[PDB]
>>> print(open('input-v5.pdb').read())   # PDB, N, CA and C atoms and all ligand atoms
ATOM      1  N   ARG Q   2       4.599   3.093 -13.722
ATOM      2  CA  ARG Q   2       4.190   1.770 -13.164
ATOM      3  C   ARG Q   2       4.275   1.856 -11.630
ATOM      4  N   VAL Q   3       3.377   1.169 -10.935
ATOM      5  CA  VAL Q   3       3.418   1.046  -9.489
ATOM      6  C   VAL Q   3       3.673  -0.411  -9.142
ATOM      7  N   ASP Q   4       4.864  -0.713  -8.631
ATOM      8  CA  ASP Q   4       5.335  -2.079  -8.314
ATOM      9  C   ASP Q   4       5.141  -2.321  -6.817
ATOM     10  N   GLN Q   5       4.215  -3.222  -6.483
ATOM     11  CA  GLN Q   5       3.889  -3.606  -5.115
ATOM     12  C   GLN Q   5       4.465  -4.965  -4.785
ATOM     13  N   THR Q   6       5.158  -5.063  -3.660
ATOM     14  CA  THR Q   6       5.729  -6.308  -3.226
ATOM     15  C   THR Q   6       5.518  -6.501  -1.713
ATOM     16  N   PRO Q   7       5.468  -7.740  -1.242
ATOM     17  CA  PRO Q   7       5.400  -8.993  -2.007
ATOM     18  C   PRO Q   7       4.040  -9.207  -2.628
ATOM     19  N   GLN Q   8       3.895 -10.236  -3.447
ATOM     20  CA  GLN Q   8       2.622 -10.497  -4.096
ATOM     21  C   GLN Q   8       1.661 -11.282  -3.174
ATOM     22  N   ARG Q   9       2.191 -12.207  -2.403
ATOM     23  CA  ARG Q   9       1.408 -13.001  -1.505
ATOM     24  C   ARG Q   9       2.307 -13.308  -0.360
ATOM     25  N   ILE Q  10       1.733 -13.463   0.805
ATOM     26  CA  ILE Q  10       2.510 -13.829   1.989
ATOM     27  C   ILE Q  10       1.628 -14.388   3.111
ATOM     28  N   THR Q  11       2.182 -15.356   3.838
ATOM     29  CA  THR Q  11       1.552 -15.915   5.028
ATOM     30  C   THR Q  11       2.402 -15.532   6.197
ATOM     31  N   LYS Q  12       1.728 -15.182   7.293
ATOM     32  CA  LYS Q  12       2.381 -14.799   8.523
ATOM     33  C   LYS Q  12       1.735 -15.530   9.675
ATOM     34  N   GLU Q  13       2.438 -15.565  10.792
ATOM     35  CA  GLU Q  13       1.922 -16.068  12.036
ATOM     36  C   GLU Q  13       1.345 -14.942  12.884
ATOM     37  N   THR Q  14       0.334 -15.275  13.695
ATOM     38  CA  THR Q  14      -0.178 -14.313  14.685
ATOM     39  C   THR Q  14       0.970 -13.794  15.528
ATOM     40  N   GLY Q  15       0.990 -12.470  15.694
ATOM     41  CA  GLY Q  15       2.030 -11.782  16.492
ATOM     42  C   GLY Q  15       3.242 -11.273  15.692
ATOM     43  N   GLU Q  16       3.401 -11.749  14.445
ATOM     44  CA  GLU Q  16       4.487 -11.253  13.599
ATOM     45  C   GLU Q  16       4.123  -9.886  13.023
ATOM     46  N   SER Q  17       5.071  -9.299  12.313
ATOM     47  CA  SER Q  17       4.888  -8.048  11.602
ATOM     48  C   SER Q  17       5.009  -8.329  10.111
ATOM     49  N   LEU Q  18       4.334  -7.545   9.329
ATOM     50  CA  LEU Q  18       4.561  -7.611   7.907
ATOM     51  C   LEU Q  18       4.794  -6.242   7.330
ATOM     52  N   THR Q  19       5.533  -6.239   6.240
ATOM     53  CA  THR Q  19       5.826  -5.025   5.514
ATOM     54  C   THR Q  19       5.432  -5.213   4.051
ATOM     55  N   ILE Q  20       4.788  -4.199   3.501
ATOM     56  CA  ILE Q  20       4.460  -4.137   2.066
ATOM     57  C   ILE Q  20       5.062  -2.864   1.511
ATOM     58  N   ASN Q  21       5.612  -2.961   0.312
ATOM     59  CA  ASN Q  21       6.288  -1.887  -0.316
ATOM     60  C   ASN Q  21       5.628  -1.547  -1.665
ATOM     61  N   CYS Q  22       5.614  -0.260  -1.981
ATOM     62  CA  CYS Q  22       5.182   0.204  -3.302
ATOM     63  C   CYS Q  22       6.222   1.183  -3.856
ATOM     64  N   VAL Q  23       6.603   1.067  -5.129
ATOM     65  CA  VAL Q  23       7.497   2.032  -5.755
ATOM     66  C   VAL Q  23       6.927   2.439  -7.073
ATOM     67  N   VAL Q  24       7.063   3.716  -7.378
ATOM     68  CA  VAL Q  24       6.614   4.257  -8.650
ATOM     69  C   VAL Q  24       7.841   4.294  -9.585
ATOM     70  N   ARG Q  25       7.816   3.498 -10.642
ATOM     71  CA  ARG Q  25       8.945   3.390 -11.578
ATOM     72  C   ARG Q  25       8.544   3.911 -12.951
ATOM     73  N   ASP Q  26       9.534   4.355 -13.735
ATOM     74  CA  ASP Q  26       9.326   4.757 -15.133
ATOM     75  C   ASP Q  26       8.279   5.861 -15.240
ATOM     76  N   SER Q  27       8.351   6.814 -14.332
ATOM     77  CA  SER Q  27       7.405   7.934 -14.297
ATOM     78  C   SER Q  27       8.140   9.260 -14.080
ATOM     79  N   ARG Q  28       7.641  10.329 -14.695
ATOM     80  CA  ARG Q  28       8.152  11.668 -14.444
ATOM     81  C   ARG Q  28       7.580  12.311 -13.181
ATOM     82  N   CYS Q  29       6.616  11.664 -12.546
ATOM     83  CA  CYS Q  29       5.929  12.282 -11.449
ATOM     84  C   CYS Q  29       6.737  12.321 -10.176
ATOM     85  N   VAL Q  30       6.391  13.262  -9.316
ATOM     86  CA  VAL Q  30       6.999  13.433  -7.989
ATOM     87  C   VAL Q  30       6.058  12.834  -6.943
ATOM     88  N   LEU Q  31       6.560  11.944  -6.108
ATOM     89  CA  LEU Q  31       5.722  11.328  -5.103
ATOM     90  C   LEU Q  31       5.536  12.259  -3.934
ATOM     91  N   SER Q  32       4.287  12.522  -3.557
ATOM     92  CA  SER Q  32       4.008  13.291  -2.330
ATOM     93  C   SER Q  32       3.719  12.396  -1.131
ATOM     94  N   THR Q  33       2.841  11.412  -1.323
ATOM     95  CA  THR Q  33       2.443  10.503  -0.244
ATOM     96  C   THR Q  33       1.827   9.272  -0.864
ATOM     97  N   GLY Q  34       1.314   8.385  -0.023
ATOM     98  CA  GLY Q  34       0.622   7.224  -0.568
ATOM     99  C   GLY Q  34      -0.413   6.751   0.416
ATOM    100  N   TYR Q  35      -1.348   5.939  -0.072
ATOM    101  CA  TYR Q  35      -2.489   5.452   0.729
ATOM    102  C   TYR Q  35      -2.550   3.946   0.624
ATOM    103  N   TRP Q  36      -3.205   3.341   1.600
ATOM    104  CA  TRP Q  36      -3.313   1.868   1.700
ATOM    105  C   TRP Q  36      -4.766   1.472   1.938
ATOM    106  N   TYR Q  37      -5.143   0.334   1.355
ATOM    107  CA  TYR Q  37      -6.478  -0.223   1.430
ATOM    108  C   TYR Q  37      -6.425  -1.711   1.651
ATOM    109  N   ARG Q  38      -7.461  -2.248   2.280
ATOM    110  CA  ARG Q  38      -7.611  -3.693   2.492
ATOM    111  C   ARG Q  38      -9.007  -4.136   2.114
ATOM    112  N   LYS Q  39      -9.045  -5.259   1.407
ATOM    113  CA  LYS Q  39     -10.251  -6.023   1.117
ATOM    114  C   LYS Q  39     -10.227  -7.295   1.953
ATOM    115  N   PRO Q  40     -11.238  -7.544   2.800
ATOM    116  CA  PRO Q  40     -11.188  -8.792   3.596
ATOM    117  C   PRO Q  40     -11.304 -10.028   2.720
ATOM    118  N   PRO Q  41     -10.905 -11.191   3.238
ATOM    119  CA  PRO Q  41     -11.101 -12.413   2.477
ATOM    120  C   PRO Q  41     -12.552 -12.623   2.086
ATOM    121  N   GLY Q  42     -12.763 -13.057   0.847
ATOM    122  CA  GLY Q  42     -14.090 -13.363   0.356
ATOM    123  C   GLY Q  42     -14.976 -12.167   0.011
ATOM    124  N   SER Q  43     -14.442 -10.943   0.081
ATOM    125  CA  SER Q  43     -15.182  -9.736  -0.284
ATOM    126  C   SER Q  43     -14.547  -9.090  -1.472
ATOM    127  N   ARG Q  44     -15.339  -8.321  -2.214
ATOM    128  CA  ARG Q  44     -14.846  -7.444  -3.284
ATOM    129  C   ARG Q  44     -14.465  -6.066  -2.765
ATOM    130  N   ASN Q  45     -14.926  -5.686  -1.570
ATOM    131  CA  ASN Q  45     -14.915  -4.294  -1.196
ATOM    132  C   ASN Q  45     -13.715  -3.925  -0.324
ATOM    133  N   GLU Q  46     -12.953  -2.933  -0.763
ATOM    134  CA  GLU Q  46     -11.810  -2.416  -0.090
ATOM    135  C   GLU Q  46     -12.171  -1.215   0.704
ATOM    136  N   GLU Q  47     -11.489  -1.078   1.830
ATOM    137  CA  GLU Q  47     -11.585   0.114   2.653
ATOM    138  C   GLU Q  47     -10.224   0.604   3.096
ATOM    139  N   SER Q  48     -10.144   1.850   3.507
ATOM    140  CA  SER Q  48      -8.880   2.480   3.824
ATOM    141  C   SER Q  48      -8.292   1.910   5.140
ATOM    142  N   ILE Q  49      -6.958   1.927   5.190
ATOM    143  CA  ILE Q  49      -6.097   1.825   6.367
ATOM    144  C   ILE Q  49      -5.417   3.209   6.660
ATOM    145  N   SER Q  50      -5.153   3.513   7.925
ATOM    146  CA  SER Q  50      -4.498   4.767   8.297
ATOM    147  C   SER Q  50      -3.307   4.482   9.189
ATOM    148  N   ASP Q  51      -2.240   5.300   9.062
ATOM    149  CA  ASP Q  51      -1.030   5.289   9.944
ATOM    150  C   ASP Q  51      -1.618   5.532  11.326
ATOM    151  N   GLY Q  52      -1.087   4.791  12.269
ATOM    152  CA  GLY Q  52      -1.409   4.941  13.670
ATOM    153  C   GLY Q  52      -1.514   3.611  14.347
ATOM    154  N   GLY Q  53      -1.078   3.551  15.601
ATOM    155  CA  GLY Q  53      -1.182   2.299  16.391
ATOM    156  C   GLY Q  53      -0.296   1.230  15.795
ATOM    157  N   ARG Q  54      -0.884   0.079  15.431
ATOM    158  CA  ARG Q  54      -0.143  -1.067  14.866
ATOM    159  C   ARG Q  54       0.403  -0.788  13.430
ATOM    160  N   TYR Q  55      -0.138   0.249  12.780
ATOM    161  CA  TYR Q  55       0.133   0.543  11.407
ATOM    162  C   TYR Q  55       1.158   1.631  11.313
ATOM    163  N   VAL Q  56       2.275   1.385  10.629
ATOM    164  CA  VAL Q  56       3.363   2.349  10.501
ATOM    165  C   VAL Q  56       3.644   2.557   9.011
ATOM    166  N   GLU Q  57       3.428   3.786   8.562
ATOM    167  CA  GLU Q  57       3.657   4.160   7.190
ATOM    168  C   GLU Q  57       5.010   4.910   7.041
ATOM    169  N   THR Q  58       5.652   4.670   5.907
ATOM    170  CA  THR Q  58       6.924   5.319   5.569
ATOM    171  C   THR Q  58       6.805   5.806   4.137
ATOM    172  N   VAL Q  59       7.153   7.043   3.892
ATOM    173  CA  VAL Q  59       7.217   7.602   2.537
ATOM    174  C   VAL Q  59       8.612   8.084   2.258
ATOM    175  N   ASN Q  60       9.144   7.705   1.107
ATOM    176  CA  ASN Q  60      10.478   8.143   0.660
ATOM    177  C   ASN Q  60      10.335   8.844  -0.699
ATOM    178  N   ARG Q  61      10.212  10.169  -0.652
ATOM    179  CA  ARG Q  61      10.013  10.918  -1.879
ATOM    180  C   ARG Q  61      11.113  10.733  -2.874
ATOM    181  N   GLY Q  62      12.354  10.773  -2.406
ATOM    182  CA  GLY Q  62      13.462  10.657  -3.331
ATOM    183  C   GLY Q  62      13.519   9.357  -4.103
ATOM    184  N   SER Q  63      13.150   8.262  -3.456
ATOM    185  CA  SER Q  63      13.119   6.967  -4.138
ATOM    186  C   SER Q  63      11.774   6.604  -4.696
ATOM    187  N   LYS Q  64      10.810   7.504  -4.566
ATOM    188  CA  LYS Q  64       9.452   7.324  -5.040
ATOM    189  C   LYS Q  64       8.806   6.064  -4.506
ATOM    190  N   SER Q  65       9.048   5.787  -3.247
ATOM    191  CA  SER Q  65       8.483   4.628  -2.605
ATOM    192  C   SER Q  65       7.764   4.931  -1.343
ATOM    193  N   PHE Q  66       6.892   4.010  -0.981
ATOM    194  CA  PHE Q  66       6.143   4.135   0.269
ATOM    195  C   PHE Q  66       5.822   2.713   0.727
ATOM    196  N   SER Q  67       5.722   2.576   2.022
ATOM    197  CA  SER Q  67       5.628   1.281   2.643
ATOM    198  C   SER Q  67       4.670   1.313   3.834
ATOM    199  N   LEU Q  68       4.057   0.174   4.100
ATOM    200  CA  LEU Q  68       3.174  -0.068   5.229
ATOM    201  C   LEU Q  68       3.748  -1.229   6.021
ATOM    202  N   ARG Q  69       3.940  -1.025   7.312
ATOM    203  CA  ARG Q  69       4.238  -2.083   8.260
ATOM    204  C   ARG Q  69       3.038  -2.272   9.141
ATOM    205  N   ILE Q  70       2.659  -3.525   9.361
ATOM    206  CA  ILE Q  70       1.619  -3.861  10.352
ATOM    207  C   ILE Q  70       2.249  -4.733  11.410
ATOM    208  N   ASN Q  71       2.238  -4.253  12.649
ATOM    209  CA  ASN Q  71       2.735  -4.987  13.780
ATOM    210  C   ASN Q  71       1.648  -5.806  14.447
ATOM    211  N   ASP Q  72       2.056  -6.821  15.208
ATOM    212  CA  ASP Q  72       1.132  -7.553  16.015
ATOM    213  C   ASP Q  72      -0.046  -8.085  15.217
ATOM    214  N   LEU Q  73       0.270  -8.817  14.161
ATOM    215  CA  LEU Q  73      -0.762  -9.344  13.278
ATOM    216  C   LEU Q  73      -1.695 -10.312  13.977
ATOM    217  N   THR Q  74      -2.947 -10.307  13.537
ATOM    218  CA  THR Q  74      -3.906 -11.354  13.916
ATOM    219  C   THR Q  74      -4.684 -11.794  12.676
ATOM    220  N   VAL Q  75      -5.520 -12.815  12.832
ATOM    221  CA  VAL Q  75      -6.352 -13.237  11.695
ATOM    222  C   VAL Q  75      -7.186 -12.121  11.107
ATOM    223  N   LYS Q  76      -7.514 -11.098  11.880
ATOM    224  CA  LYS Q  76      -8.278  -9.948  11.401
ATOM    225  C   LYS Q  76      -7.555  -9.139  10.331
ATOM    226  N   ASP Q  77      -6.232  -9.302  10.256
ATOM    227  CA  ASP Q  77      -5.450  -8.612   9.261
ATOM    228  C   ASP Q  77      -5.331  -9.350   7.913
ATOM    229  N   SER Q  78      -5.839 -10.569   7.819
ATOM    230  CA  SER Q  78      -5.876 -11.253   6.531
ATOM    231  C   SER Q  78      -6.677 -10.454   5.520
ATOM    232  N   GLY Q  79      -6.269 -10.529   4.278
ATOM    233  CA  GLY Q  79      -6.988  -9.847   3.200
ATOM    234  C   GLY Q  79      -6.039  -9.490   2.100
ATOM    235  N   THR Q  80      -6.526  -8.731   1.135
ATOM    236  CA  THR Q  80      -5.716  -8.279   0.021
ATOM    237  C   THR Q  80      -5.535  -6.763   0.200
ATOM    238  N   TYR Q  81      -4.273  -6.338   0.223
ATOM    239  CA  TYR Q  81      -3.928  -4.960   0.420
ATOM    240  C   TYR Q  81      -3.479  -4.360  -0.895
ATOM    241  N   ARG Q  82      -3.832  -3.097  -1.112
ATOM    242  CA  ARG Q  82      -3.316  -2.326  -2.284
ATOM    243  C   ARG Q  82      -2.835  -0.976  -1.821
ATOM    244  N   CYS Q  83      -1.795  -0.503  -2.478
ATOM    245  CA  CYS Q  83      -1.328   0.849  -2.309
ATOM    246  C   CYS Q  83      -1.810   1.737  -3.467
ATOM    247  N   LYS Q  84      -1.850   3.045  -3.194
ATOM    248  CA  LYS Q  84      -2.203   4.045  -4.175
ATOM    249  C   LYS Q  84      -1.334   5.278  -3.938
ATOM    250  N   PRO Q  85      -0.501   5.696  -4.906
ATOM    251  CA  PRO Q  85       0.362   6.883  -4.746
ATOM    252  C   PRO Q  85      -0.418   8.125  -4.925
ATOM    253  N   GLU Q  86       0.150   9.215  -4.446
ATOM    254  CA  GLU Q  86      -0.352  10.544  -4.760
ATOM    255  C   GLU Q  86       0.788  11.398  -5.255
ATOM    256  N   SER Q  87       0.618  11.972  -6.448
ATOM    257  CA  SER Q  87       1.628  12.831  -7.019
ATOM    258  C   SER Q  87       1.603  14.203  -6.328
ATOM    259  N   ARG Q  88       2.723  14.872  -6.364
ATOM    260  CA  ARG Q  88       2.852  16.176  -5.781
ATOM    261  C   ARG Q  88       2.314  17.315  -6.623
ATOM    262  N   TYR Q  89       2.444  17.210  -7.943
ATOM    263  CA  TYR Q  89       2.160  18.278  -8.873
ATOM    264  C   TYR Q  89       1.142  17.908  -9.925
ATOM    265  N   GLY Q  90       0.227  17.013  -9.562
ATOM    266  CA  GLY Q  90      -0.850  16.630 -10.487
ATOM    267  C   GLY Q  90      -1.713  17.782 -10.937
ATOM    268  N   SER Q  91      -1.824  18.846 -10.135
ATOM    269  CA  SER Q  91      -2.608  20.004 -10.537
ATOM    270  C   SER Q  91      -2.045  20.691 -11.771
ATOM    271  N   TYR Q  92      -0.767  20.447 -12.037
ATOM    272  CA  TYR Q  92      -0.040  21.056 -13.149
ATOM    273  C   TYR Q  92       0.178  20.118 -14.343
ATOM    274  N   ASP Q  93      -0.075  18.834 -14.169
ATOM    275  CA  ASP Q  93       0.373  17.797 -15.112
ATOM    276  C   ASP Q  93      -0.666  16.665 -15.107
ATOM    277  N   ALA Q  94      -1.461  16.595 -16.166
ATOM    278  CA  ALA Q  94      -2.538  15.636 -16.271
ATOM    279  C   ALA Q  94      -2.106  14.162 -16.244
ATOM    280  N   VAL Q  95      -0.931  13.848 -16.787
ATOM    281  CA  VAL Q  95      -0.333  12.517 -16.617
ATOM    282  C   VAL Q  95      -0.087  12.162 -15.160
ATOM    283  N   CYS Q  96       0.428  13.130 -14.400
ATOM    284  CA  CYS Q  96       0.656  12.858 -13.020
ATOM    285  C   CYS Q  96      -0.593  12.893 -12.215
ATOM    286  N   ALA Q  97      -1.608  13.638 -12.620
ATOM    287  CA  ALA Q  97      -2.908  13.471 -11.986
ATOM    288  C   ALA Q  97      -3.425  12.057 -12.125
ATOM    289  N   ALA Q  98      -3.165  11.413 -13.252
ATOM    290  CA  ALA Q  98      -3.602  10.034 -13.454
ATOM    291  C   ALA Q  98      -2.890   9.059 -12.543
ATOM    292  N   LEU Q  99      -1.704   9.415 -12.075
ATOM    293  CA  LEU Q  99      -0.992   8.561 -11.135
ATOM    294  C   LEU Q  99      -1.805   8.329  -9.861
ATOM    295  N   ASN Q 100      -2.560   9.362  -9.478
ATOM    296  CA  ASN Q 100      -3.356   9.327  -8.259
ATOM    297  C   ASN Q 100      -4.435   8.268  -8.293
ATOM    298  N   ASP Q 101      -4.727   7.734  -9.480
ATOM    299  CA  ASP Q 101      -5.677   6.627  -9.636
ATOM    300  C   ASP Q 101      -5.056   5.286  -9.952
ATOM    301  N   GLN Q 102      -3.747   5.174  -9.885
ATOM    302  CA  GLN Q 102      -3.007   3.953 -10.211
ATOM    303  C   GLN Q 102      -2.615   3.124  -8.978
ATOM    304  N   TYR Q 103      -3.211   1.987  -8.777
ATOM    305  CA  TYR Q 103      -2.954   1.143  -7.649
ATOM    306  C   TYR Q 103      -1.836   0.152  -7.908
ATOM    307  N   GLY Q 104      -1.153  -0.259  -6.850
ATOM    308  CA  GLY Q 104      -0.292  -1.430  -6.954
ATOM    309  C   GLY Q 104      -1.086  -2.683  -7.264
ATOM    310  N   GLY Q 105      -0.392  -3.759  -7.608
ATOM    311  CA  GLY Q 105      -1.002  -4.993  -8.014
ATOM    312  C   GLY Q 105      -1.552  -5.809  -6.880
ATOM    313  N   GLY Q 106      -1.279  -5.415  -5.654
ATOM    314  CA  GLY Q 106      -1.868  -6.064  -4.468
ATOM    315  C   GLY Q 106      -0.941  -7.027  -3.797
ATOM    316  N   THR Q 107      -1.230  -7.270  -2.527
ATOM    317  CA  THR Q 107      -0.566  -8.304  -1.738
ATOM    318  C   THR Q 107      -1.668  -9.105  -1.043
ATOM    319  N   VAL Q 108      -1.685 -10.418  -1.307
ATOM    320  CA  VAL Q 108      -2.625 -11.283  -0.628
ATOM    321  C   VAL Q 108      -1.999 -11.809   0.616
ATOM    322  N   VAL Q 109      -2.544 -11.432   1.767
ATOM    323  CA  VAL Q 109      -1.985 -11.740   3.063
ATOM    324  C   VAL Q 109      -2.902 -12.741   3.803
ATOM    325  N   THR Q 110      -2.310 -13.794   4.334
ATOM    326  CA  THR Q 110      -3.025 -14.690   5.241
ATOM    327  C   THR Q 110      -2.275 -14.760   6.541
ATOM    328  N   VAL Q 111      -2.957 -14.487   7.645
ATOM    329  CA  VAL Q 111      -2.369 -14.632   8.970
ATOM    330  C   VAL Q 111      -2.958 -15.895   9.614
ATOM    331  N   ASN Q 112      -2.091 -16.810  10.001
ATOM    332  CA  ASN Q 112      -2.526 -18.037  10.645
ATOM    333  C   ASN Q 112      -3.061 -17.777  12.030
ATOM    334  N   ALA Q 113      -4.041 -18.584  12.437
ATOM    335  CA  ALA Q 113      -4.614 -18.473  13.776
ATOM    336  C   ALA Q 113      -3.576 -18.704  14.868
ATOM    337  N   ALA Q 114      -3.835 -18.171  16.061
ATOM    338  CA  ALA Q 114      -2.898 -18.277  17.164
ATOM    339  C   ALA Q 114      -2.901 -19.717  17.708
TER     340      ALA Q 114
HETATM  341 CL    CL Q 201       3.983  15.277  -9.990
END
>>> encode(input="input-v5.pdb", output="structure tokens", more="lines below")
Ligand SMILES: [Cl-]
Amino acid sequence: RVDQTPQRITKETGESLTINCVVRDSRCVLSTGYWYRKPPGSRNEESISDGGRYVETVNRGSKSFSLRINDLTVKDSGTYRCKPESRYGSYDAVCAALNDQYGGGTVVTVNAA
């Protein structure tokens, strides 16, 4: 299972937010994780990358990974999902399937300045 928290959150312009994902009840080894955002009113998600305002943290031992976004603006509103990547999926078809398992999402609204 991939447990994503929080489920929904509102923030003010200029605040930071953190989203967490943990892989529970799995034999797989976490290598890394990826993040995506769908803007409000769209179906289509696109990737986010570590760098600048975006700070990613991976904890292999706890099988968790997290995204912090600093200096939020209304442009950061949307629904975010995480996606884990297993370390040894090439050897284990169950863990290869982990690479396609997304968190349940976080619906984020950032209030105007
Ligand atoms: Cl694995």
>>> residues_near_ligand(input="input-v5.pdb", ligand="ligand CL 201 (chain Q)", cutoff="5 Å", atoms="all atoms listed in the file", output="VMD selection string")
chain Q and resid 29 to 30 87 to 90
>>> residues_around(input="input-v5.pdb", residues="region 72-82 of chain Q", least_positions_apart="5", cutoff="5 Å", atoms="only N, CA and C atoms", output="PyMOL selection string")
chain Q and resi 14-17+36-41+106-111
>>> closest_atom_pairs(input="input-v5.pdb", of="region 78-109 of chain Q", to="region 56-59 of chain Q", cutoff="12 Å", atoms="only C-alpha atoms", output="CSV")
residue,atom,partner,partner_atom,distance
Q:83,CA,Q:57,CA,11.2
Q:85,CA,Q:59,CA,10.0
Q:86,CA,Q:59,CA,10.9
>>> residues_near_point(input="input-v5.pdb", point="(3.5, -6.9, -8.5)", cutoff="7 Å", atoms="only C-alpha atoms", output="PyMOL selection string")
chain Q and resi 4-6+8+104-106
>>> resolve_selection(input="input-v5.pdb", expression="the PyMOL selection byres (((chain Q and resi 67) around 5) and not hetatm)", output="MDAnalysis selection string")
chainID Q and resid 20:22 57:58 65:66 68:69
>>> write_last_selection(input="input-v5.pdb", atoms="N, CA and C atoms", output="mmCIF file, in the coordinates of the input")
data_model
loop_
_atom_site.group_PDB
_atom_site.id
_atom_site.type_symbol
_atom_site.label_atom_id
_atom_site.label_comp_id
_atom_site.auth_asym_id
_atom_site.auth_seq_id
_atom_site.Cartn_x
_atom_site.Cartn_y
_atom_site.Cartn_z
ATOM 1 N N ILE Q 20 4.788 -4.199 3.501
ATOM 2 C CA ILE Q 20 4.460 -4.137 2.066
ATOM 3 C C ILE Q 20 5.062 -2.864 1.511
ATOM 4 N N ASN Q 21 5.612 -2.961 0.312
ATOM 5 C CA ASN Q 21 6.288 -1.887 -0.316
ATOM 6 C C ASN Q 21 5.628 -1.547 -1.665
ATOM 7 N N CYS Q 22 5.614 -0.260 -1.981
ATOM 8 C CA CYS Q 22 5.182 0.204 -3.302
ATOM 9 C C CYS Q 22 6.222 1.183 -3.856
ATOM 10 N N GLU Q 57 3.428 3.786 8.562
ATOM 11 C CA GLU Q 57 3.657 4.160 7.190
ATOM 12 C C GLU Q 57 5.010 4.910 7.041
ATOM 13 N N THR Q 58 5.652 4.670 5.907
ATOM 14 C CA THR Q 58 6.924 5.319 5.569
ATOM 15 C C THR Q 58 6.805 5.806 4.137
ATOM 16 N N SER Q 65 9.048 5.787 -3.247
ATOM 17 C CA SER Q 65 8.483 4.628 -2.605
ATOM 18 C C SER Q 65 7.764 4.931 -1.343
ATOM 19 N N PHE Q 66 6.892 4.010 -0.981
ATOM 20 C CA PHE Q 66 6.143 4.135 0.269
ATOM 21 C C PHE Q 66 5.822 2.713 0.727
ATOM 22 N N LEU Q 68 4.057 0.174 4.100
ATOM 23 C CA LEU Q 68 3.174 -0.068 5.229
ATOM 24 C C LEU Q 68 3.748 -1.229 6.021
ATOM 25 N N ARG Q 69 3.940 -1.025 7.312
ATOM 26 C CA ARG Q 69 4.238 -2.083 8.260
ATOM 27 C C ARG Q 69 3.038 -2.272 9.141
#
>>> atom_distance(input="input-v5.pdb", atom1="atom C of residue 19 (chain Q)", atom2="atom N of residue 100 (chain Q)")
21.4 Å
>>> atom_distance(input="input-v5.pdb", atom1="atom C of residue 63 (chain Q)", atom2="atom C of residue 34 (chain Q)")
13.2 Å
>>> atom_distance(input="input-v5.pdb", atom1="CA of residue 70 (chain Q)", atom2="atom C of residue 12 (chain Q)")
11.7 Å
>>> closest_residue(input="input-v5.pdb", among="Q:60, Q:54, Q:44, Q:102", to="residue 2 (chain Q)", atoms="all atoms listed in the file")
Q:102
>>> axis_aligned_box(input="input-v5.pdb", around="region 9-27 of chain Q", padding_each_side="4 Å", output="lines of an AutoDock Vina configuration file")
center_x = 4.7
center_y = -3.4
center_z = 0.6
size_x = 17.7
size_y = 33.3
size_z = 39.7
>>> closest_residue(input="input-v5.pdb", among="Q:33, Q:27, Q:10, Q:3", to="residue 95 (chain Q)", atoms="only C-alpha atoms")
Q:27
